[PDB]
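Heads up, the thing below is written out as structure tokens.
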Amino acid sequence: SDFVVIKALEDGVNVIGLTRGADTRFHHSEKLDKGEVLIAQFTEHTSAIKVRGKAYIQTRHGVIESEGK
Amino acid sequence: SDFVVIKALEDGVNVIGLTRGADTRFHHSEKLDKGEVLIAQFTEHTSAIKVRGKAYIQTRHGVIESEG
Amino acid sequence: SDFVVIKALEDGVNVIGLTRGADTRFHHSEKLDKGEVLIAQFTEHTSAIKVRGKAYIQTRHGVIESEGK
Amino acid sequence: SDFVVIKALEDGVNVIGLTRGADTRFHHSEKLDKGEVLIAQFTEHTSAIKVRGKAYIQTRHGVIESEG
Amino acid sequence: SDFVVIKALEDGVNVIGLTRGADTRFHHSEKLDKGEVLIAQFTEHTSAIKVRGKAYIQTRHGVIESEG
Amino acid sequence: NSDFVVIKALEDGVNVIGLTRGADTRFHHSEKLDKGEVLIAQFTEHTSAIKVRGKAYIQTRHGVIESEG
Amino acid sequence: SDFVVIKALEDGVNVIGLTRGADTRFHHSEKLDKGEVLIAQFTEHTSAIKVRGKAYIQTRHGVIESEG
Amino acid sequence: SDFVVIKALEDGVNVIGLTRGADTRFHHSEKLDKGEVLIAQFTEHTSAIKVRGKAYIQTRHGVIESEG
Amino acid sequence: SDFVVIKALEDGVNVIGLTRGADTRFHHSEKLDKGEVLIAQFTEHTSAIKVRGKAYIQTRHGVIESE
Amino acid sequence: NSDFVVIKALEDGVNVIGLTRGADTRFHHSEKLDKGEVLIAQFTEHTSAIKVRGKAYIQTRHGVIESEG
Amino acid sequence: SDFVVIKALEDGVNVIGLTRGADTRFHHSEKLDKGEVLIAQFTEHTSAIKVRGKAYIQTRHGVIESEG
Ligand SMILES: N[C@@H](Cc1c[nH]c2ccccc12)C(=O)O
Ligand SMILES: N[C@@H](Cc1c[nH]c2ccccc12)C(=O)O
Ligand SMILES: N[C@@H](Cc1c[nH]c2ccccc12)C(=O)O
Ligand SMILES: N[C@@H](Cc1c[nH]c2ccccc12)C(=O)O
Ligand SMILES: N[C@@H](Cc1c[nH]c2ccccc12)C(=O)O
Ligand SMILES: N[C@@H](Cc1c[nH]c2ccccc12)C(=O)O
Ligand SMILES: N[C@@H](Cc1c[nH]c2ccccc12)C(=O)O
Ligand SMILES: N[C@@H](Cc1c[nH]c2ccccc12)C(=O)O
Ligand SMILES: N[C@@H](Cc1c[nH]c2ccccc12)C(=O)O
Ligand SMILES: N[C@@H](Cc1c[nH]c2ccccc12)C(=O)O
Ligand SMILES: N[C@@H](Cc1c[nH]c2ccccc12)C(=O)O
């Protein structure tokens, strides 16, 4: 199973997990402050991940950046 | 299992999941504001994903860009 | 399972899924307008995909471009 | 499971499925007009595919071109 | 399974499937006219394929050409 | 056979925080690393996301990244 | 399952299947004339193949040539 | 299943296996003297490995060095 | 399952199969004359292959030559 | 189907030591190689770590490393 | 399963199979004379292989030579 790496480039970045299945909703929001790194899988409970806030992101398709608010 | 990355290049980008199965219609729409990123899999319930609005998209087959 | 990326290059492009099985017919036609991208898998119900209209297409075998009537 | 990409280079190109099984006969012929693209898998029902008419073809082994 | 691409370079090219199993015989002969392309798998019924006539062939192992 | 991440502490007191797999998300363990130590940590039945706090050099299958304290 | 491609470079080339199992013997010999191609899998019944006569051979390990 | 190579660059390098499971603690410490190499897998009992001391380390993600 | 290609460079080459299992002995020796090629898998009955005589060999690990 | 390590002894008395798989970790076998002998050894149901003592040239899937006596 | 290629560069080379399991002992030694090649797998019965005498060895991790 795949994972994404998220490094917060400012305070208060959210890494948000969306529910797997017929229902889609946020089930968790992980707050990152500046310089922290989260490495998060897709899972039986999370089939999509949203990042909000300025962050440097790595996936198997390469580098992407989210831009803040 | 495959996934796509969608980065919104303007407010109100719409990432649209189409139902897997004999029937096709959309079952969820996730809107992204400018600069937000969605990383979304193909799943038991989603077998096609449509993007409306200006977005920078990555998949296993490279970069593509939707325009609004 | 494989997927194809289709970006409409004009209004009214149709991505048509053909039924899997002994029977071959169109079960769904997804209409795309200029600029929209559809990323569609092959599935239990769709074993061939036809694209009518001007579009830019990526698959595992590379880029190809459909041209409209 | 693999697939083949067929772009028609003139009107009336035929993409023909041959039946999987002890028996080999046609089963379906999909007509493509000029510029249309069909992306077709090998399947439980189809184990060989013939292209007749002028088309640009991509498979995992590269590009090939049929001639009418 | 693996598949082979065969493009007929002259009329009346034969792509022949040999039966899988203890016994080996021809079960099917597919005639290609000049310019036609056959994309053909190995299958439950076919474990060897013979090409007779001038054709351009692609397999996972690269290009080879049969001659009349 | 899961993926793993390599974390090298670049200062004392780095925290490698495992987050619970499953419907609920919480920290189940924080492994504290001192400067120069290396932890090689898999994703597992119990850990589906890993958070790093403090200064560290990190390797994953998508490349190098650095967390900052 | 792997396969070998054999192009006959002269008449009467023999592609010989050896039986899988405790016993080893030839169960089939396919004769190729000049310019014919045979693409042949390893199978439940065939676990070694022998080529006799002048031919051009491709496998996963590259090209090799048998001589008469 | 993955493995880590550890080469001790001084005496008393400690390779520490952490328990797989809901609980985390060390269940084994294997000390290495200078110049000894340990090639250790992840296992049913070890899902994280800590190295203390000066060591040269290879994993599938490249080389890394611990400092003691 | 993997295979070996053997091309005989002289008459009389032997490609010998060794039994899988607790015991090890030769169960078959295939003779190759000059220029003949054998392509031979590992199998349920053969877990090691010995080549005697001069031949050009290819495996997944590249070319080697017996003498 | 498991991974394996190649060990070439560069002096006499090199020991390739197998550590037990499971909850118990101990040495269960020590293979003595003299100069120039090679051992190609798999990870196994019984051996989940391998220790080399003495001067040896080692190849893994991660590359070459050398042990020093 | 992986395999190793051993080419003996002098007479009397020994390729030694070590038992799989909790017990480790030699179960077989195959003697190779100069210029003989043995291609040997890992198996249910053989989880380590030792070579004694001068030989050129190939494995998935490259070339290594043993010296007598
Ligand atoms: N308990 C969550 C943890 C998690 C994994 N990846 C995530 C991405 C975003 C938010 C939460 C997560 C899960 O197993 O699914
Ligand atoms: N609940 C949806 C979440 C999802 C995944 N990928 C998507 C793409 C578009 C819209 C929703 C989604 C699912 O598991 O299928
Ligand atoms: N319900 C359809 C959705 C779909 C996937 N790929 C397609 C290609 C074309 C048309 C529709 C589709 C299916 O699961 O098959
Ligand atoms: N119903 C057909 C659809 C199809 C797929 N590939 C084809 C190639 C040619 C013609 C038809 C097809 C099948 O599943 O087999
Ligand atoms: N009905 C045949 C179709 C076929 C596939 N590959 C072929 C090659 C040659 C001749 C026939 C075929 C089969 O399933 O085996
Ligand atoms: N007992 C934990 C060990 C672990 C693995 N990776 C981790 C990452 C962070 C914290 C603990 C861990 C587990 O099996 O999941
Ligand atoms: N009936 C034979 C056909 C065959 C496949 N590969 C071959 C190689 C040589 C001779 C015959 C064959 C089989 O399934 O095994
Ligand atoms: N009947 C033998 C044929 C064989 C395959 N590879 C070999 C190598 C050497 C000798 C015989 C063979 C088997 O299936 O094992
Ligand atoms: N008996 C332990 C041995 C082990 C493997 N890798 C390790 C890393 C560190 C310490 C011990 C180990 C196990 O099977 O898990
Ligand atoms: N009968 C032995 C044959 C063997 C395979 N590989 C070897 C390596 C060395 C010595 C003997 C062997 C086995 O199946 O295990
Ligand atoms: N009987 C041991 C043999 C072995 C394989 N690899 C080893 C490495 C070191 C020592 C012994 C071994 C086992 O099957 O596990």
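In listed order, ligands and their atoms are each counted from 1. All values below were derived from every heavy atom in this structure, side-chain atoms included, with hydrogens, water molecules and symmetry-related copies excluded. Reminder, nothing fancy here: chain letters follow the sequence lines and each chain counts from 1.
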(message) Nearest 0.5 Å, please: how far is CD1 in A:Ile49 from CD in A:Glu30?
(response) 12.0 Å
(request) Report, in ascending order of atom number, the atoms of ligand 6 lying under 4.0 Å from any heavy atom of F:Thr47. (result) 8 (C), 13 (C), 15 (O)
(message) One residue to check: H:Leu18. Relative to ligand 6, which of side chain, backbone, both or neither has a non-hydrogen atom less than 4.0 Å away?
(response) neither
(request) Consider every N or O of C:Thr43 and every N or O of ligand 3, then say whether any pair is closer than 3.5 Å. (result) yes
(message) Out of all atoms in ligand 3, which are within 4.0 Å of some heavy atom of B:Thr19? Include the element for each.
(response) 1 (N), 2 (C), 3 (C)
(message) Heavy atoms only: which of A:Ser47, B:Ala40, A:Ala22 lies closest to atom 14 (O) of ligand 2?
(response) A:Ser47
(request) Considering the heavy atoms of A:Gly21, write down every atom of ligand 2 situated less than 4.0 Å from one of them. (result) 1 (N), 2 (C), 13 (C), 14 (O), 15 (O)
(request) Answer with yes or no whether the side chains of C:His45 and C:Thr19 bring together a donor and an acceptor at under 3.5 Å. (result) no
(request) Could you tell me which atoms of ligand 2, counted from 1 in the order shown, lie closer than 4.0 angstrom to a heavy atom of B:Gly17? (result) 9 (C), 10 (C)
(request) May I ask which of F:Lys51, H:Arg20, F:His29, F:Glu31 has a heavy atom nearer to atom 11 (C) of ligand 6 than the others do? (result) F:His29
(request) Going by the side chain to side chain donor-acceptor pair (under 3.5 Å) test, name the single residue among B:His28, B:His27, B:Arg20 that passes it with B:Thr46. (result) B:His27
(request) Say whether B:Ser29 and B:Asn14, considering side chains only, have a donor N or O and an acceptor N or O under 3.5 Å apart. (result) yes
(request) Determine, for A:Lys7 against F:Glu68, whether the closest basic-nitrogen to carboxylate-oxygen distance falls under 4.0 angstrom. (result) yes
(request) Say whether B:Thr24, considering both its backbone and side-chain N or O atoms, lies within less than 3.5 Å of an N or O atom on ligand 3. (result) yes
(message) Looking at C:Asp33 and B:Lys50, is there a salt bridge between them, counting it only when a charged N and a carboxylate O are closer than 4.0 Å?
(response) no
(request) Would you mind listing which atoms of ligand 6 come within a distance below 4.0 Å of any non-hydrogen atom of H:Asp23? (result) 1 (N)
(request) Distance to 0.1 Å, residue and atom name: give those for the protein heavy atom nearest to atom 6 (N) of ligand 6. (result) F:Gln42 O, 2.9 Å
(message) So, regarding F:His28 and ligand 6 (criterion: nitrogen or oxygen to nitrogen or oxygen, under 3.5 Å), is there a contact or not?
(response) no
(request) Would you indicate whether the side-chain heavy atoms of F:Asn1 and H:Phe42 approach each other to under 4.5 Å? (result) no
(request) Nearest 0.5 Å please: distance from the CD atom of A:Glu36 over to the NZ atom of A:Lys31. (result) 8.5 Å
